[PDB]
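Here is the file protein06.pdb (PDB, C-alpha atoms).
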ATOM      1  CA  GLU Q  28      -0.898 -34.357  -8.793
ATOM      2  CA  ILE Q  29       0.759 -37.706  -8.035
ATOM      3  CA  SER Q  30       3.707 -36.128  -6.198
ATOM      4  CA  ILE Q  31       1.454 -34.282  -3.736
ATOM      5  CA  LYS Q  32      -0.489 -37.514  -3.033
ATOM      6  CA  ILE Q  33       2.766 -39.374  -2.194
ATOM      7  CA  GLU Q  34       4.185 -36.450  -0.154
ATOM      8  CA  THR Q  35       0.885 -36.205   1.813
ATOM      9  CA  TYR Q  36       0.855 -39.946   2.545
ATOM     10  CA  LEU Q  37       4.503 -40.075   3.768
ATOM     11  CA  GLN Q  38       4.006 -37.054   6.056
ATOM     12  CA  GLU Q  39       0.757 -38.470   7.506
ATOM     13  CA  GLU Q  40       2.371 -41.922   7.955
ATOM     14  CA  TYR Q  41       5.723 -40.830   9.523
ATOM     15  CA  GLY Q  42       5.516 -37.283  11.111
ATOM     16  CA  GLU Q  43       8.308 -35.573   9.097
ATOM     17  CA  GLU Q  44       7.852 -33.791   5.768
ATOM     18  CA  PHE Q  45       9.077 -35.283   2.484
ATOM     19  CA  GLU Q  46       9.634 -34.312  -1.148
ATOM     20  CA  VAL Q  47       9.166 -36.505  -4.238
ATOM     21  CA  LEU Q  48      12.161 -35.484  -6.398
ATOM     22  CA  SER Q  49      10.790 -37.381  -9.425
ATOM     23  CA  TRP Q  50       8.712 -40.337 -10.474
ATOM     24  CA  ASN Q  51       8.584 -42.874 -13.149
ATOM     25  CA  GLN Q  52       5.686 -44.996 -14.581
ATOM     26  CA  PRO Q  53       6.911 -47.484 -17.204
ATOM     27  CA  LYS Q  54       4.118 -48.326 -19.634
ATOM     28  CA  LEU Q  55       3.972 -48.723 -23.394
ATOM     29  CA  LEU Q  56       0.579 -46.909 -23.779
ATOM     30  CA  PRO Q  57      -0.688 -43.819 -21.772
ATOM     31  CA  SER Q  58      -3.803 -45.986 -21.146
ATOM     32  CA  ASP Q  59      -1.781 -48.465 -18.964
ATOM     33  CA  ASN Q  60      -1.864 -47.652 -15.255
ATOM     34  CA  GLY Q  61       1.146 -49.635 -14.058
ATOM     35  CA  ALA Q  62       3.126 -49.173 -10.846
ATOM     36  CA  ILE Q  63       4.547 -45.690 -10.065
ATOM     37  CA  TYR Q  64       8.211 -45.677  -8.930
ATOM     38  CA  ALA Q  65       8.949 -42.482  -6.946
ATOM     39  CA  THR Q  66      12.400 -41.139  -5.872
ATOM     40  CA  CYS Q  67      11.753 -39.505  -2.482
ATOM     41  CA  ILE Q  68      13.682 -37.628   0.264
ATOM     42  CA  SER Q  69      12.840 -36.577   3.828
ATOM     43  CA  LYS Q  70      13.578 -32.841   4.360
ATOM     44  CA  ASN Q  71      15.683 -33.923   7.387
ATOM     45  CA  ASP Q  72      17.931 -36.220   5.228
ATOM     46  CA  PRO Q  73      17.738 -34.375   1.900
ATOM     47  CA  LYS Q  74      20.964 -35.677   0.286
ATOM     48  CA  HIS Q  75      19.975 -39.442   0.360
ATOM     49  CA  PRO Q  76      16.999 -40.408  -1.769
ATOM     50  CA  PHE Q  77      14.920 -43.602  -1.547
ATOM     51  CA  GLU Q  78      12.513 -45.355  -3.924
ATOM     52  CA  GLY Q  79       8.856 -46.134  -3.190
ATOM     53  CA  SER Q  80       6.318 -48.113  -5.209
ATOM     54  CA  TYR Q  81       2.685 -46.757  -5.582
ATOM     55  CA  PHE Q  82      -0.555 -47.284  -7.596
ATOM     56  CA  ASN Q  83      -2.828 -44.347  -8.519
ATOM     57  CA  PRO Q  84      -6.472 -45.366  -9.267
ATOM     58  CA  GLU Q  85      -8.306 -44.304 -12.489
ATOM     59  CA  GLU Q  86     -11.305 -42.103 -11.267
ATOM     60  CA  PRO Q  87     -10.768 -38.487  -9.901
ATOM     61  CA  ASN Q  88      -9.556 -37.451  -6.401
ATOM     62  CA  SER Q  89      -8.498 -41.071  -5.750
ATOM     63  CA  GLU Q  90      -6.450 -41.817  -2.645
ATOM     64  CA  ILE Q  91      -3.031 -43.172  -3.603
ATOM     65  CA  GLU Q  92      -2.407 -46.908  -2.893
ATOM     66  CA  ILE Q  93       0.933 -48.148  -1.513
ATOM     67  CA  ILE Q  94       2.692 -51.162  -3.049
ATOM     68  CA  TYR Q  95       5.724 -50.511  -0.768
ATOM     69  CA  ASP Q  96       6.677 -46.967   0.434
ATOM     70  CA  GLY Q  97      10.353 -47.839   0.843
ATOM     71  CA  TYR Q  98      10.818 -45.882   4.081
ATOM     72  CA  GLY Q  99      11.664 -48.770   6.428
ATOM     73  CA  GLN Q 100      14.206 -49.772   3.834
ATOM     74  CA  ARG Q 101      15.637 -46.198   3.844
ATOM     75  CA  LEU Q 102      16.023 -46.151   7.619
ATOM     76  CA  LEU Q 103      18.044 -49.410   7.376
ATOM     77  CA  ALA Q 104      20.217 -47.800   4.604
ATOM     78  CA  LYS Q 105      20.719 -44.698   6.817
ATOM     79  CA  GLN Q 106      22.164 -46.964   9.547
ATOM     80  CA  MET Q 107      24.405 -48.878   7.100
ATOM     81  CA  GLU Q 108      25.702 -45.516   5.786
ATOM     82  CA  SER Q 109      26.290 -44.270   9.330
ATOM     83  CA  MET Q 110      28.329 -47.355  10.389
ATOM     84  CA  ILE Q 111      30.475 -47.146   7.225
ATOM     85  CA  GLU Q 112      30.903 -43.342   7.686
ATOM     86  CA  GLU Q 113      32.605 -43.999  11.064
ATOM     87  CA  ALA Q 114      35.477 -45.496   8.976
ATOM     88  CA  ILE Q 115      35.163 -43.389   5.766
ATOM     89  CA  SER Q 116      35.164 -40.031   7.639
ATOM     90  CA  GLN Q 117      38.605 -40.863   9.077
ATOM     91  CA  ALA Q 118      39.944 -41.834   5.583
ATOM     92  CA  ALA Q 119      38.726 -38.801   3.486
ATOM     93  CA  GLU Q 120      37.010 -35.349   3.835
ATOM     94  CA  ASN Q 121      34.613 -35.422   0.833
ATOM     95  CA  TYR Q 122      32.633 -38.534  -0.010
ATOM     96  CA  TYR Q 123      29.179 -39.969  -0.624
ATOM     97  CA  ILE Q 124      28.091 -43.210   1.067
ATOM     98  CA  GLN Q 125      25.113 -44.855  -0.662
ATOM     99  CA  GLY Q 126      23.394 -47.726   1.190
ATOM    100  CA  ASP Q 127      21.631 -50.320  -1.012
ATOM    101  CA  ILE Q 128      19.311 -52.420   1.177
ATOM    102  CA  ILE Q 129      16.313 -54.152  -0.476
ATOM    103  CA  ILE Q 130      13.508 -55.546   1.731
ATOM    104  CA  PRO Q 131      11.750 -58.475  -0.063
ATOM    105  CA  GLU Q 132       7.932 -58.756  -0.556
ATOM    106  CA  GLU Q 133       7.660 -61.209   2.391
ATOM    107  CA  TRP Q 134       8.860 -58.547   4.921
ATOM    108  CA  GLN Q 135       7.137 -55.450   3.537
ATOM    109  CA  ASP Q 136       4.163 -55.962   5.874
ATOM    110  CA  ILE Q 137       6.428 -55.854   8.994
ATOM    111  CA  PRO Q 138       5.852 -52.582  10.950
ATOM    112  CA  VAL Q 139       8.503 -49.896  10.327
ATOM    113  CA  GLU Q 140       9.101 -49.539  14.149
ATOM    114  CA  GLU Q 141      10.099 -53.275  14.136
ATOM    115  CA  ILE Q 142      11.990 -53.752  10.811
ATOM    116  CA  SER Q 143      14.032 -50.513  11.002
ATOM    117  CA  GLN Q 144      15.977 -51.717  14.076
ATOM    118  CA  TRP Q 145      19.242 -53.142  12.699
ATOM    119  CA  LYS Q 146      19.300 -55.977  15.254
ATOM    120  CA  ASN Q 147      15.875 -57.282  14.024
ATOM    121  CA  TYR Q 148      16.848 -56.962  10.398
ATOM    122  CA  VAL Q 149      20.049 -58.999  10.949
ATOM    123  CA  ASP Q 150      18.001 -61.630  12.823
ATOM    124  CA  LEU Q 151      15.604 -61.855   9.862
ATOM    125  CA  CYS Q 152      18.502 -62.138   7.366
ATOM    126  CA  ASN Q 153      20.606 -64.700   9.252
ATOM    127  CA  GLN Q 154      18.422 -67.880   9.405
ATOM    128  CA  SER Q 155      21.151 -70.553   8.826
ATOM    129  CA  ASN Q 156      24.373 -71.349   6.932
ATOM    130  CA  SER Q 157      22.124 -72.354   3.939
ATOM    131  CA  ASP Q 158      19.260 -69.804   4.405
ATOM    132  CA  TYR Q 159      20.544 -66.237   4.536
ATOM    133  CA  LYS Q 160      20.009 -62.901   2.859
ATOM    134  CA  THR Q 161      22.663 -60.397   1.852
ATOM    135  CA  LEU Q 162      22.115 -57.492   4.294
ATOM    136  CA  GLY Q 163      22.969 -55.097   1.513
ATOM    137  CA  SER Q 164      25.636 -53.311  -0.454
ATOM    138  CA  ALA Q 165      27.412 -50.011   0.194
ATOM    139  CA  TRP Q 166      28.462 -47.840  -2.773
ATOM    140  CA  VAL Q 167      31.058 -45.447  -1.411
ATOM    141  CA  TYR Q 168      32.338 -42.615  -3.658
ATOM    142  CA  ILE Q 169      35.473 -40.804  -2.315
ATOM    143  CA  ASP Q 170      37.092 -37.542  -3.504
ATOM    144  CA  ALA Q 171      40.632 -38.926  -3.814
ATOM    145  CA  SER Q 172      42.125 -35.407  -3.592
ATOM    146  CA  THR Q 173      40.825 -35.140   0.010
ATOM    147  CA  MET Q 174      42.422 -38.293   1.623
ATOM    148  CA  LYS Q 175      43.378 -37.842   5.328
ATOM    149  CA  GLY Q 176      46.699 -39.793   5.108
ATOM    150  CA  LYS Q 177      45.646 -42.995   6.933
ATOM    151  CA  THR Q 178      47.822 -45.840   5.508
ATOM    152  CA  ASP Q 179      46.229 -48.436   3.200
ATOM    153  CA  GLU Q 180      46.554 -51.022   6.047
ATOM    154  CA  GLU Q 181      44.799 -48.670   8.533
ATOM    155  CA  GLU Q 182      42.051 -47.905   5.995
ATOM    156  CA  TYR Q 183      41.401 -51.585   5.139
ATOM    157  CA  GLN Q 184      41.461 -52.615   8.838
ATOM    158  CA  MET Q 185      38.719 -50.047   9.608
ATOM    159  CA  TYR Q 186      36.480 -51.401   6.825
ATOM    160  CA  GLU Q 187      37.127 -55.022   7.952
ATOM    161  CA  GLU Q 188      36.016 -53.924  11.488
ATOM    162  CA  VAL Q 189      32.779 -52.257  10.265
ATOM    163  CA  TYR Q 190      31.810 -55.303   8.156
ATOM    164  CA  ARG Q 191      32.790 -57.904  10.799
ATOM    165  CA  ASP Q 192      31.787 -56.247  14.109
ATOM    166  CA  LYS Q 193      29.144 -53.630  13.167
ATOM    167  CA  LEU Q 194      27.113 -55.017  10.209
ATOM    168  CA  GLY Q 195      26.789 -58.626  11.455
ATOM    169  CA  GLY Q 196      26.047 -60.591   8.270
ATOM    170  CA  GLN Q 197      26.722 -61.065   4.562
ATOM    171  CA  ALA Q 198      27.377 -57.634   2.952
ATOM    172  CA  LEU Q 199      29.258 -56.080  -0.015
ATOM    173  CA  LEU Q 200      31.557 -53.012  -0.120
ATOM    174  CA  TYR Q 201      32.374 -50.897  -3.201
ATOM    175  CA  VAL Q 202      34.819 -47.958  -2.784
ATOM    176  CA  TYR Q 203      35.420 -45.682  -5.766
ATOM    177  CA  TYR Q 204      38.463 -43.341  -5.523
ATOM    178  CA  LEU Q 205      37.332 -40.577  -7.901
ATOM    179  CA  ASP Q 206      39.314 -37.533  -9.018
ATOM    180  CA  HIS Q 207      38.020 -34.182  -7.636
ATOM    181  CA  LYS Q 208      36.118 -32.940 -10.695
ATOM    182  CA  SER Q 209      34.606 -36.426 -11.283
ATOM    183  CA  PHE Q 210      33.529 -36.648  -7.684
ATOM    184  CA  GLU Q 211      31.809 -33.241  -7.685
ATOM    185  CA  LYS Q 212      29.768 -34.146 -10.793
ATOM    186  CA  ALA Q 213      29.004 -37.578  -9.354
ATOM    187  CA  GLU Q 214      27.722 -36.087  -6.053
ATOM    188  CA  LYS Q 215      25.177 -33.856  -7.850
ATOM    189  CA  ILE Q 216      23.603 -36.995  -9.461
ATOM    190  CA  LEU Q 217      23.723 -39.177  -6.292
ATOM    191  CA  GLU Q 218      21.749 -36.492  -4.398
ATOM    192  CA  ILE Q 219      18.666 -36.958  -6.666
ATOM    193  CA  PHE Q 220      18.678 -40.664  -7.754
ATOM    194  CA  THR Q 221      18.637 -44.007  -5.876
ATOM    195  CA  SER Q 222      21.183 -46.827  -6.082
ATOM    196  CA  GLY Q 223      21.459 -48.213  -9.608
ATOM    197  CA  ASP Q 224      19.037 -45.587 -11.081
ATOM    198  CA  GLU Q 225      21.783 -42.900 -11.466
ATOM    199  CA  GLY Q 226      21.730 -42.915 -15.320
ATOM    200  CA  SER Q 227      24.157 -43.372 -18.238
ATOM    201  CA  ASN Q 228      26.079 -40.073 -17.636
ATOM    202  CA  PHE Q 229      26.840 -41.202 -14.063
ATOM    203  CA  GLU Q 230      28.231 -44.506 -15.457
ATOM    204  CA  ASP Q 231      30.330 -42.422 -17.886
ATOM    205  CA  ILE Q 232      31.820 -40.327 -15.007
ATOM    206  CA  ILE Q 233      32.799 -43.322 -12.866
ATOM    207  CA  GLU Q 234      34.008 -45.576 -15.781
ATOM    208  CA  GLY Q 235      37.732 -46.403 -15.536
ATOM    209  CA  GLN Q 236      38.133 -44.730 -12.112
ATOM    210  CA  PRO Q 237      39.892 -47.041  -9.613
ATOM    211  CA  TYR Q 238      37.599 -48.964  -7.284
ATOM    212  CA  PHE Q 239      37.581 -51.842  -4.845
ATOM    213  CA  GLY Q 240      34.631 -54.289  -4.826
ATOM    214  CA  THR Q 241      34.387 -57.117  -2.298
ATOM    215  CA  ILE Q 242      32.118 -59.157  -0.085
ATOM    216  CA  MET Q 243      32.267 -60.438   3.500
ATOM    217  CA  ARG Q 244      30.352 -63.694   3.267
ATOM    218  CA  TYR Q 245      27.982 -65.210   5.740
ATOM    219  CA  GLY Q 246      29.867 -66.765   8.662
ATOM    220  CA  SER Q 247      33.192 -65.214   7.573
ATOM    221  CA  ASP Q 248      35.191 -62.650   9.601
ATOM    222  CA  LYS Q 249      37.226 -61.437   6.578
ATOM    223  CA  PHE Q 250      36.542 -60.044   3.099
ATOM    224  CA  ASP Q 251      37.006 -62.289   0.064
ATOM    225  CA  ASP Q 252      39.720 -59.904  -1.193
ATOM    226  CA  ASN Q 253      42.805 -59.384   1.009
ATOM    227  CA  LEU Q 254      44.856 -56.211   1.749
ATOM    228  CA  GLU Q 255      47.141 -56.797  -1.275
ATOM    229  CA  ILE Q 256      44.165 -56.868  -3.686
ATOM    230  CA  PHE Q 257      42.871 -53.660  -2.010
ATOM    231  CA  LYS Q 258      46.197 -51.827  -2.483
ATOM    232  CA  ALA Q 259      46.372 -52.906  -6.163
ATOM    233  CA  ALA Q 260      42.695 -51.900  -6.775
ATOM    234  CA  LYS Q 261      43.234 -48.482  -5.111
ATOM    235  CA  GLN Q 262      46.076 -47.735  -7.680
ATOM    236  CA  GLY Q 263      44.085 -49.392 -10.562
ATOM    237  CA  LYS Q 264      45.981 -52.418 -12.062
TER
END

Spit out the file's structure as structure tokens when you get a sec.
Amino acid sequence: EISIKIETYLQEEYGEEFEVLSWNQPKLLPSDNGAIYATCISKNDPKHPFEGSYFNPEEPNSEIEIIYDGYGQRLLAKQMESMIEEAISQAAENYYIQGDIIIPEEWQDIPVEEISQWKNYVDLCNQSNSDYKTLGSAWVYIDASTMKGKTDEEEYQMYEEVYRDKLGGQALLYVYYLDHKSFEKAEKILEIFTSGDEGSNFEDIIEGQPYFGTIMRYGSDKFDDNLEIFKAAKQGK
């Protein structure tokens, strides 16, 4: 089975045990043996899945080939999530922070021990004022019923600090203020699918809910959208 091959590889490669929640192999005919896209979790971080790209050869008992396992990428997402959580955990009780960091083909060969250190990743991304890479995006989903009463100014200031002082490059922030029941349904989907691959029913749950979307550009200490835009977005108008 393809799942067991992927699980066995990840465990042998990284020491921990993993689970392939699901996998996908787009192809028009069953005869095509295109790339296999697997949604995986480590048992130690079971609520935050990551995608890996594999090829499974034709003949029997074939050892699975790795296009890109996605684990170095996941470790970078885990850190992005952690740094945002330092602010989000003071703003609300229930939430889901989804890191969306994509390592390009050029860097996939870099050893995981090297690339997974945030400092090295930022160095790789920040080449010049003309040659830079967006570090990533954070998709934060908050249960609006469980806010901790920090003022809008205090909340915004904390995010500004994470993006300016902690992340260290060009990055985007999305904060959805979902109603309780919406959040709880959302969370169940986010636990088993990666960023962007949540599905149409997820899009239906979050549609119309108030959210704030912005970017802190390369060489900028502030977000493109000021406090006033944040307050308006948080109400929804």

Selection near residue 170 (chain Q), 9 Å with all atoms listed in the file, sequence-local residues under 3 positions removed, as number ranges by chain:
Q: 119-123, 173-174, 203-211

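Comparing Q:47, Q:110, Q:130, Q:216 by their smallest distance to residue 32 (chain Q), the closest is Q:47 (using all atoms listed in the file).
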
Which residues, named as in the file, does the PyMOL selection byres ((chain Q and resi 58-67) around 6) pick out? Answer as number ranges by chain.
Q: 46-52, 54, 56-57, 68, 76-82

Taking into account all atoms listed in the file, which residue in the set Q:116, Q:227, Q:221, Q:241 is nearest to residue 201 (chain Q)?
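Of all the options, Q:241 lies closest to residue 201 (chain Q).
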
Applying the PyMOL selection byres ((chain Q and resi 135-143) around 12) to the file I just gave you, which residues come out? Please list them as a PyMOL selection string.
chain Q and resi 40-41+79-80+93-107+128-134+144-152

The PyMOL selection byres ((chain Q and resi 251) around 6) on the file shown: which residues, as JSON, numbers by chain?
{"Q": [242, 250, 252]}

Using only C-alpha atoms, the best pick from Q:212, Q:70, Q:175, Q:191 as closest to residue 243 (chain Q) would be Q:191

Find the distance between CA of residue 261 (chain Q) and CA of residue 232 (chain Q) and write it in Å to one decimal.
17.2 Å

Nearest to residue 247 (chain Q), chosen from Q:235, Q:196, Q:263, Q:226, with all atoms listed in the file counted in the distances
Q:196

Give me the residues near residue 197 (chain Q) as a PyMOL selection string, where near means some atom within 6 Å (using only C-alpha atoms) and where sequence neighbours in that chain fewer than 4 positions away do not count.
chain Q and resi 161-162+243-245

I want to know what sits within 10 Å of residue 183 (chain Q), based on all atoms listed in the file, with residues of the same chain fewer than 5 positions away left out; could you give that as a ChimeraX atom specification?
/Q:114,118,177-178,188,250,253-254,257-258

Between CA of residue 166 (chain Q) and CA of residue 213 (chain Q) - distance in Å to one decimal
12.2 Å

Would you work out the distance separating CA of residue 69 (chain Q) from CA of residue 38 (chain Q), expressed in Å to one decimal?
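So the two atoms, CA of residue 69 (chain Q) and CA of residue 38 (chain Q), lie 9.1 Å apart.
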
Do a neighbour search on residue 71 (chain Q) at 10 Å with all atoms listed in the file, toss out local chain neighbours closer than 4 positions, and write the hits as a list in words.
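The residues satisfying every condition are residues 43, 44, 45 and 75 of chain Q.
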
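Each of Q:215, Q:36, Q:55, Q:125 was compared to residue 92 (chain Q) using only C-alpha atoms, and Q:36 turns out to be the nearest.
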
Could you check which of Q:246, Q:163, Q:237, Q:87 is closest to residue 28 (chain Q), using all atoms listed in the file?
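Under the stated criterion, the closest residue is Q:87.
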